[PDB]
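These values consider heavy atoms only, across backbone and side chains, with no hydrogens, waters or symmetry-generated copies. Numbers restart at 1 for each chain; the letters A, B, ... are given by sequence-line order, proteins then strands. All ligand and atom numbering here is 1-based and tracks the order in the structure.
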Amino acid sequence: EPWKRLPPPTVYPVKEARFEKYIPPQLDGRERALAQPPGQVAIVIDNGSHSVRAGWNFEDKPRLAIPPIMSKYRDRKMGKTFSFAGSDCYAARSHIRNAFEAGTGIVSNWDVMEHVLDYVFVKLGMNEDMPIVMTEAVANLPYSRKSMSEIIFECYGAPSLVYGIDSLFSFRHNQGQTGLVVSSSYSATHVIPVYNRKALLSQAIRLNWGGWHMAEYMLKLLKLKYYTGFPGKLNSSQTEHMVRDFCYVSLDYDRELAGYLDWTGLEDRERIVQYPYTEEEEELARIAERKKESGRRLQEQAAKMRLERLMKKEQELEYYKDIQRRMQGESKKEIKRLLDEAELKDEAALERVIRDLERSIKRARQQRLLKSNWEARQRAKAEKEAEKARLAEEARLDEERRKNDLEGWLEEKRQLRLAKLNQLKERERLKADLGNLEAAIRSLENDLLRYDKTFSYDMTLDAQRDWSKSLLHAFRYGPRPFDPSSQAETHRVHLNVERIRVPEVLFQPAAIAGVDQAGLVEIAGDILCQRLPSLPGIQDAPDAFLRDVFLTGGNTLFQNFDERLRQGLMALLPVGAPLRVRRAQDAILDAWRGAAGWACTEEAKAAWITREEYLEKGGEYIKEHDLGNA
Amino acid sequence: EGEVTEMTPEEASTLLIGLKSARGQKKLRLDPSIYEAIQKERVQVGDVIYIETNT
Amino acid sequence: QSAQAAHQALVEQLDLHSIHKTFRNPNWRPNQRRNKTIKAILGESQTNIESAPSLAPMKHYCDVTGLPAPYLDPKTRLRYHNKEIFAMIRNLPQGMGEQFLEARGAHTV
Ligand SMILES: Nc1ncnc2c1ncn2[C@@H]1O[C@H](COP(=O)(O)OP(=O)(O)OP(=O)(O)O)[C@@H](O)[C@H]1O
Ligand SMILES: [Mg+2]
C-alpha cells in the first residue's frame, strides 16, 4: 500500500516574528554623519508597513529594520511602566499597536509612529538637527502628510524634510529611464508608468492586495481547513512565514490546480508545518477485572433478557402451535375464534408467527413448571440444534456448488452482491430522507476476493468507504494515515492547494478572494494597451514602456512571478513586441538605497521643504518632483 | 488562428478583426467579402476562428 | 530565580520608557484624537481614486478545497468540486457555511 511504501515525512517547524537580540545606539553613525561635507548628509527612513528601515544616506544599507509597532504597559508585579517600539517587543506581553491602518499603506496611529521614530533616532544615536528623507504611500492622504510633517517639524524640530515613493526610488536605483513599475508590497500592489524618469502618477493603479492580505487569507484558509479543531494557536504572523517559505506562482493555474490533490505524487506537492506539541500491571489487571466483571454482568443481563425472550417466544410459540393443532380439522369459525384469541386473522399469519418465533428462537410444586420451562428451553434447544444441523449441511452443499459450478457460482455472487447492494441503496439513499445484508455483502465479496479473478478489493464496499479513496483526507492529511492520538501528527498543518491558491489572488482577485478588482495582468495591460497610447504628450507608447516592466517590493519575490507576468502580458501585446520583465536587485532594501542615493542630489535639495517653508505653507504642501506625489 | 479580440467596421464592408493567441495579437484588414464569410460563420468577439487569408 | 531576574534585566535593557529623548521638543503636544481612520479622513473630503474593477468572466473554485468547482449548491450557496464535498457542505455545523463564504467575502446575514 502506498503509505507503507512512502518514506517518512519531512516536516518544517513553525516560524513566527520573534525577538532575538538587543542592539545599542550606533554612535559611529552619528560620528560619521558629523564628518560629512555640508549638505551631503541626511537621515533616510523607508516608512514600510512591514518594516521601517532607517539609516544614513552615505551608507549602503539601513542600520535599522523594525516593524512599525509599539508595546506599552504597566508591569503588574514590578509596578512601573515599560515601553517598546519595534522588534524590542517580543513580536513579553504583546500589548501591541501598529502605526498603519490594517491592510493599508497609510499611517493612522500617530502615537505608535512617534514611538517608532523615537526608537529610530535613539538607535541612530542622536542626542542633542539633520535633514530627513522619508518614503510615502502612493497618492498618500493629505491629512497623513500633514500629521507626519507636524511630528517631524514640531516634535523633532528637523531642519528639512522630503517625501518620496518607495516604488520609484527602487526604479531609479536600478537605472530606470522609462518603464512600467510593478510593486507588490506588504500593504498593496501598484502599477506606475514612469516616463523620462518621471512617474505618470495620474495613470497609476492600485490593487488592494499585498503581503499582509496573503497572510490573513492563508490564515482564513487554514482555520477553514481544520475547522473541526486545531490545537495550535494559528496566527497570521505564522502564515506570513508560511507564505514566504512555501507559496509560489503557478505558470498554468487551472492545469496545475486540477491535479494537485491526486494521490499519486501528493507526497512531493504537500509541505508539512509542525507546531510545538507536548509529549505526554496490577493497576490494569484490577481495572480490567472490574471491566471484565462489568462486561460479564452486561452479557448475563442480555442473556437473561434473551432467555426471558426465549421462554416468552417458546411459550408464545407453544400457544400458536396449540391453535394450529386445533385449527387442523376445525372450522373457519374455530380458526377465527382461536385467531381472535391471538387477535390474529390468518392461519398463515400463525404460520408466519410460529416460524418467525422459531426463526428468532433458533438464534438464541415447582419441578413440573421448572422442567417444563426448561422443556420450553428444550423446544428452544431443538430449534437451536436444528439450526446447527441446517447450517452445517447447507454450507457443505455450497462448498460442493463452488467445486461443481465455480464460474456460475462466481456469477451468482455478483448477482447476489448487486442485489444486496441494491437493498442497501434502497435503504440508505431513501433512509437519508426516510430516516428523518452487510455481512452477506462482505461474505459474497470475500469469496469473490478469494476466487473471482474479476473481483478486486477496489470494488469492495469497504473500499468505497476507505480514507485512502477519499479527497478530504488528501486535502487535510495527505498520502498517509491519520490518528488524533498522536500528539506529533496532530499539531501539524498540510498546505497543499494553498501553495498556489494564495499567490494567485494577485492574478485572479475576484475568483479566489472576492476582491472585486482587476488582476495584475489586466491592470498592466489596461495601462499599456488602453491608457498610455491615448495620453497625448507621450511618444513611442506602449513600446518604450514594454522594454522595462520592473518588479519591486518583497511580495513580488515569489518563484515564477516574473515569467507569469511576462506570459500574461505577451498575450495582450502585438506579436513581436519587445517585452522585458525585470526584477529589482534586492527588491526589499533597494527602495531605501534609491532614497539614500537620491537624498542629497540637487534634484532632492530642490525638493526639500525647510522648517520655515513648512511654517509658511503648512503640512499639506509638497514640492512636486519625479519621485513623489503631486 | 486566434481568439477574436475586435470586429470593427472601417468603411462606408471592410472590417478590422483582431486576433489573439497565447503568443501575441495581430490585426487584419478584411476584404468586404471575407468579412461576409466570417459573418456567415457565426463569429463574435471571444470566439476562436481559423482563417486562410490567401484562399 | 536567576532566569526571571535576567529576563527582567533584559526587559529593562530593552525599555524605552527609561530613556529621556533629548531631541524631543518638550513644549509641543498633539491633539489626542488625531488618530483618525482612513474612512474618517476621507470624510473630510466633503488621490485614492486608483482602484480598478473588471469585466472578464470569473472562474469558479471550490469553497472547501479551492479545486475547480462545476457546481453551486442552491442551499448553502457554496461552490463545490464533487459529491464528497457536497456531502461535507450540507453536514457543516450551524455557523460554518457562513465562514466559507467569508473567505470569498460573501455574506447572507
Ligand atoms: N522572499 C520572499 N518571498 C515572498 N514574500 C516575501 C519575501 N520576503 C518578504 N516577503 C513579504 O513581502 C512583504 C514585504 O514587502 P516590503 O517590505 O517591500 O514592503 P513595505 O515597504 O514594508 O510595505 P508598504 O510599501 O506596503 O508600506 C511582506 O509581506 C513579507 O512577508
Ligand atoms: Mg514598501
Side-chain angles (χ1 to χ4, degrees), chain A residues 15-17 44-54 61-62 64-69 86-87 91 98-109 112-113 116 134-141 144 148 163-171 173 181-192 204 206-219 235-249 499-500 502-506 550-562 564 583-595 627 629, chain C residues 38 50:
Chain A
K15 297 174 188 173
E16 196 171 57
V44 186
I45 296 167
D46 180 30
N47 184 236
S49 309
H50 178 262
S51 298
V52 170
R53 292 164 287 252
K61 63 182 180 180
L64 286 60
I66 70 185
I69 67 182
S87 56
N98 188 303
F100 295 83
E101 174 155 333
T104 76
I106 309 301
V107 177
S108 67
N109 190 318
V112 181
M113 196 68 253
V116 168
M134 191 176 290
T135 68
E136 194 195 20
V138 189
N140 178 41
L141 304 180
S144 299
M148 183 64 83
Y163 297 120
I165 294 173
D166 73 342
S167 178
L168 303 181
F169 287 123
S170 176
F171 187 50
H173 188 246
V181 184
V182 175
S183 305
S184 297
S185 70
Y186 182 90
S187 69
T189 292
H190 294 96
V191 186
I192 303 141
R206 173 165 33 74
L207 180 59
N208 300 343
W209 197 268
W212 178 84
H213 303 260
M214 292 195 173
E216 292 304 317
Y217 186 67
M218 180 68 95
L219 183 69
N235 301 327
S236 63
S237 185
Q238 305 149 7
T239 68
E240 190 196 321
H241 291 75
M242 294 180 214
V243 168
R244 293 205 285 163
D245 290 3
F246 307 119
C247 295
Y248 67 99
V249 177
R499 297 279 308 284
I500 58 170
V502 179
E504 292 286 332
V505 189
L506 293 169
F550 185 69
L551 300 183
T552 57
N555 186 239
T556 62
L557 290 170
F558 298 116
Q559 188 183 11
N560 309 128
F561 195 114
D562 45 12
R564 177 59 172 288
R583 288 182 183 268
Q585 296 162 104
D586 194 9
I588 293 168
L589 297 187
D590 174 86
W592 180 95
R593 292 188 176 115
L627 306 183
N629 288 295
Chain C
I38 292 168
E50 302 192 329

- Task: Just jot down the ligand 1 atoms closer than 4.0 angstrom to any heavy atom of A:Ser187, in number order.
- Result: 24 (P), 26 (O), 27 (O)

- Query: Who's the nearest protein heavy-atom neighbour of atom 31 (O) of ligand 1, and how far?
  - Reply: A:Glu240 OE2, 2.9 Å

- Message: As a test of reading the structure, name the N/O/S atom of A:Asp166 that is nearest the Mg ion (ligand 2).
- Response: OD2

- Is there at least one pair of N or O atoms, one from A:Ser49 and one from ligand 1, spaced under 3.5 Å apart? yes

- State whether the side chain of A:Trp212 and the backbone N or O of A:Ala102 hold a donor-acceptor pair below 3.5 Å, judged by distance alone. no

- Note on the structure: Honestly, for A:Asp166 the part within reach of ligand 1 (heavy atoms, under 4.0 Å) is side chain

- Item | Heteroatom proximity flag, A:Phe100 to ligand 1, N/O under 3.5 Å | no

- Query: Donor-acceptor pair, A:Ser51 side chain versus A:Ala65 backbone, under 3.5 Å?
  - Reply: no

- Among protein heavy atoms, which sits nearest to atom 9 (C) of ligand 1, and what does the distance come to when rounded to 0.1 Å? A:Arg244 CD, 3.4 Å

- Item | Under 3.5 Å: donor-acceptor pair, side chain of C:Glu50, backbone of A:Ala139 | no

- So which protein heavy atom does atom 20 (P) of ligand 1 come closest to, and at what separation? A:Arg53 NH2, 3.6 Å

- Step by step, work out the side chain to side chain donor-acceptor pair (under 3.5 Å) result for A:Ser236 and A:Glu216. CA-CA 6 Å; A:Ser236 63; A:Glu216 292 304 317; 2.9 Å; yes

- CA sep, side-chain torsions, deciding dist, call: A:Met214, A:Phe558, side-chain contact (heavy atoms from CB on, under 4.5 Å): CA-CA 12 Å; A:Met214 292 195 173; A:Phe558 298 116; 3.5 Å; yes

- Any nitrogen or oxygen of A:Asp46, main chain or side chain, under 3.5 Å from a nitrogen or oxygen of ligand 1? no

- Note on the structure: From the list A:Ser184, A:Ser183, A:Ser170, side-chain hydrogen bond (donor to acceptor under 3.5 Å, both in side chains) partner of A:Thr552 resolves to A:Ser183

- Query: Does A:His50 approach ligand 1 within less than 4.0 angstrom via side chain, backbone, both or neither, non-hydrogen atoms only?
  - Reply: both

- Message: For A:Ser51, which part has a heavy atom under 4.0 Å from ligand 1: side chain, backbone, both, or neither?
- Response: backbone

- So which heavy atom in the protein is nearest atom 18 (O) of ligand 1, and how far is it from that ligand atom? A:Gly554 N, 2.9 Å

- Query: For atom 24 (P) of ligand 1, what's the nearest protein heavy atom and its distance?
  - Reply: A:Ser185 OG, 3.4 Å

- Item | Nearest non-hydrogen protein atom, atom 3 (N) of ligand 1 | A:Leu557 CB, 3.4 Å

- Message: Could you tell me, atom by atom, which parts of ligand 1 come under 4.0 Å of a heavy atom of A:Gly48?
- Response: 20 (P), 21 (O), 22 (O), 27 (O)

- Message: Is it the case that the side chain of A:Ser144 and the backbone of A:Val107 share a donor-acceptor pair, with hydrogens and angles ignored and the cut-off at 3.5 Å?
- Response: yes

- Note on the structure: Near A:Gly553 (heavy-atom distance under 4.0 Å), the atoms of ligand 1 are 18 (O)

- Checking side-chain hydrogen bond (donor to acceptor under 3.5 Å, both in side chains) against A:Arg53, which of A:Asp46, A:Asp166, A:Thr135 comes through? A:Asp46

- Near A:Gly211 (heavy-atom distance under 4.0 Å), the atoms of ligand 1 are 29 (O)

- Query: With a 4.0 Å heavy-atom cut-off (strictly under), which part of A:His213 contacts ligand 1: side chain, backbone, both or neither?
  - Reply: neither

- Task: Measure from the side-chain N and O atoms of A:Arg583 to the backbone N and O of A:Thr556, and report whether any donor-acceptor pair falls under 3.5 Å.
- Result: yes

- Is a side-chain N or O of A:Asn629 found less than 3.5 angstrom from the main chain of A:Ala137, in a donor-acceptor match? yes

- In terms of ring plane angle, is the pair A:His50 and A:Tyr186 parallel, tilted or perpendicular, where the classes change at 30° and 60°? tilted

